[PDB]
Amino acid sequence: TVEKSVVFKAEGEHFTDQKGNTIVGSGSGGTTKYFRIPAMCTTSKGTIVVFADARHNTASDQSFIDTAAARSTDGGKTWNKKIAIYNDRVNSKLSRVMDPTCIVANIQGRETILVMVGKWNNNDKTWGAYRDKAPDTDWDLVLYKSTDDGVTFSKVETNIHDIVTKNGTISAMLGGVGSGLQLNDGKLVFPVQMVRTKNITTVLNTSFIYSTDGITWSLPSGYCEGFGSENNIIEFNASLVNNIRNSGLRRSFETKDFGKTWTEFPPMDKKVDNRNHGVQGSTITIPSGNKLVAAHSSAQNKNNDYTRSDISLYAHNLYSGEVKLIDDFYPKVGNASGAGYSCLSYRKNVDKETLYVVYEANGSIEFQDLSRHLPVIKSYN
């Protein structure tokens, strides 16, 4: 409901910690240096909540990171900002909570926003390098919830570290990045990515965790293949269908038996090319009369490298398999330090439909209202 705004400004934000002290980052004036990995959830009140890594010192994945949250009640025009989740502060160089996935859901009648992030403290290498232990002792996956429309967040005591430990073949697990979903039966579903222990031949796999209450979670028995593992899931006739990052063409599989076996989903499989290395992308459904349409954002990556230019919106005809570029909403070369991620959010509140996007823009997170494209996306079925 603004057409375009900056949510978090690289070298332009100041945050305080739990005691009220400023967090002196490496940006000019001690600001947070860089923002990455935006996740957006919109509530039934019309409130927009945006999470992102506040990477205080560098754009690097292995650095000092807190999860920042921004809340807008005026359609994305102004943003109220704070830290939603603080890292443990064991190591000032490496302690981090990162890569948010959010869900807005009604759980037993209460509208709740959930945010899940991975947490590390002493690991100095990329998470894919730690495959000895089940799970890695430095890792954890933490879940916070808000029941007051995004204003306060508190930690949820979960059985997630236990189901991973009981599985015995997973070194670490992370959300798929962006947003999860609530199924038509009420269950919460987080798409997940997992690094398997060193003896499993596949390093990475994709799957999901599910819960009825947000507290006790379960893993299905099967695994989808991994590719670039960041992924989202959509519900389509109670198949669950994911859409996975891959170097080159994105992949899409379907489960008809709730996570026991996955087979390629032709309407979305290999339809968008993100070229070299791959990028995270956001995929959601939009109802169109009694049919569904899948809306998707990811980078065109015209330079075929880490600059991941041209973050675009696509519509996927779930019936015919046709794909159409609806809008290249950020038609710029990104910063190779960390670029190209995005998150879509669609909501219809009473009779008002909104389609919003948040994305990485040279270290900052930008917001755009894309609702003007809904007629065109809704026609693709």
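Rigid core: the largest C-alpha set superposing within 1.5 Å between the two forms. So that there is no doubt, residue numbering starts at 1 and follows the sequence shown.
Colleague: Please work out whether 110-118 or 232-240 has the higher root mean square C-alpha deviation in 5 other deposited structures of this protein relative to the shown form, with the rigid core as fitting region?
Modeller: It is 232-240 whose C-alphas lie farther from the shown form in 5 other deposited structures of this protein.
Colleague: Could you check which stretch, 10-18 or 360-368, carries the larger mean CA temperature factor in the entry?
Modeller: Result: 10-18.
Colleague: Please compare 339-347 with 22-30 and name the stretch with the higher mean C-alpha B-factor in the deposited structure.
Modeller: The deposited B-factors put 22-30 ahead on the C-alpha mean.
Colleague: Tell me, please, which of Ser239, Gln280, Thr101, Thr283 has the highest C-alpha B factor according to the deposited entry?
Modeller: Highest C-alpha B-factor among the listed residues goes to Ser239.
Colleague: In the PDB entry, which of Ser252, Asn167, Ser207, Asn274 has its C-alpha at the highest B-factor?
Modeller: Within the set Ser252, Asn167, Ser207, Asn274, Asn167 shows the top C-alpha B-factor.
Colleague: Would you check the entry's CA temperature factor for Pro38 and let me know if it's in the chain's lowest, middle or highest third?
Modeller: Lowest third of the chain for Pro38's C-alpha B-factor.
Colleague: Split into thirds by Cα B-factor across the chain's modelled residues, where does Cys224 land: lowest, middle or highest?
Modeller: Middle third by C-alpha B-factor.
Colleague: For the chain shown, is the CA B-factor of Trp79 in the lowest, middle or highest third of its modelled residues?
Modeller: Its C-alpha B-factor belongs to the highest third of this chain's values.
Colleague: Would you mind checking where the Cα B-factor of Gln300 ranks among the modelled residues of its chain, as the lowest, middle or highest third?
Modeller: Tercile = middle for this residue's CA B-factor.
Colleague: Based on the deposited C-alpha B factors for this chain, I'd like to know if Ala134 is in the lowest, middle or highest third.
Modeller: Tercile = highest for this residue's CA B-factor.
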